[PDB]
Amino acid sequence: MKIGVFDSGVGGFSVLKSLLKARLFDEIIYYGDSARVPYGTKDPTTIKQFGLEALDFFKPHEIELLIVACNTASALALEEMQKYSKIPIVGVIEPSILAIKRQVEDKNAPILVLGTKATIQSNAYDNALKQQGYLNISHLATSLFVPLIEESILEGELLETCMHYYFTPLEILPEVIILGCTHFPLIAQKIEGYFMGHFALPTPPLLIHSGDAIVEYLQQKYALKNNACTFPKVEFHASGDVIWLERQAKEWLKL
């Protein structure tokens, strides 16, 4: 199968990695709208229109399915993109809801959603979660995590001080934390260590990764299988510097 993956930029790599490791696809066309990144700081009408525009980018590629790796575009643009697209478009929020259902039998478990401002203000996560019977849902816009991560602040005092800034106010101690942004997997264990260091817990909260969750959905929904070729064809495309993006793929993805 030939598919598209769309993200606001390089962050989508966290999803593409899961897809690659699972060997789902013979061909993948990755588009990063990196001239306009971030999306998370911006308004719904702007982001919806970004998502429609990404649809036009894909048209000459004859993809059969579009993955929207971006949790912000997933939260805000996806309904509008699906409305004008014949092929299916799969976002990263719904697959995470299905993963939570499999992994979190206790409907009362405190679940913390972390995301960009736009993702958190949409309440996409909370709404889906409530519909499936969840009763203790909390949310937090950890906005500064995105540029810290862009600047490779993946440990140390500055990261620790930032986490502390966002997490100290929380009144509830989550048993489940949804990593509802492309960037946040890169600080997954530091978030785990934060809660383990700051509270007496025998195990860290369960972390939900958007990549692994969409992999599980794609396998099940499309009978996709971990035996697409050994050397998938993958093209990178960007509205900003595509050579830099390709250089990133080569360094971090081996491609």
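Rigid core (definition): largest C-alpha set, two forms, superposition within 1.5 Å. The first residue of the shown sequence is 1; numbering continues from there.
Student: Following superposition on the rigid core, is the mean squared CA displacement, expressed as RMS, greater for 51-59 or for 194-202 in 4 other deposited structures of this protein?
Tutor: Stretch with the higher C-alpha RMS distance in 4 other deposited structures of this protein: 194-202.
Student: Do the Cα atoms of 216-224 or those of 41-49 sit farther, on average, from the shown form in 4 other deposited structures of this protein after fitting on the core?
Tutor: Looking at 216-224 versus 41-49 in 4 other deposited structures of this protein, the farther one turns out to be 216-224.
Student: Given the B-factors recorded for C-alpha atoms, which segment has the greater mean, 164-172 or 136-144?
Tutor: Looking at the record's C-alpha B-factors, the answer is 164-172.
Student: Mean CA temperature factor from the deposited coordinates, higher in 10-18 or in 230-238?
Tutor: Averaging CA B-factors over each stretch, the winner is 230-238.
Student: Given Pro204, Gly40, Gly211, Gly51, identify the residue with the highest C-alpha B factor in the PDB entry.
Tutor: The listed residue with the largest C-alpha B-factor is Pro204.
Student: Out of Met196, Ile187, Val68, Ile29, which shows the largest CA B-factor listed in the entry?
Tutor: Top of the list by C-alpha B-factor: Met196.
Student: Is the Cα B-factor recorded for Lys117 in the lowest, middle or highest third of its chain?
Tutor: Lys117: CA B-factor falls in the middle third of its chain.
Student: Should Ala77 be placed in the lowest, middle or highest third of its chain by the C-alpha B factor in the entry?
Tutor: Its C-alpha B-factor, which the entry lists for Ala77, ranks in the middle third among residues of this chain.
Student: Would you mind ranking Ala249 by its C-alpha B-factor against the rest of the chain and naming the third, lowest, middle or highest?
Tutor: Middle third - that is where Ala249 ends up once the chain's C-alpha B-factors are sorted.
Student: Comparing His61 with the other modelled residues of its chain, is its CA B-factor in the lowest, middle or highest third?
Tutor: Its C-alpha B-factor belongs to the middle third of this chain's values.
Student: Relative to the other modelled residues in the chain, which third contains the C-alpha temperature factor of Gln219: lowest, middle or highest?
Tutor: It belongs to the highest third of the chain when residues are ordered by C-alpha B-factor.
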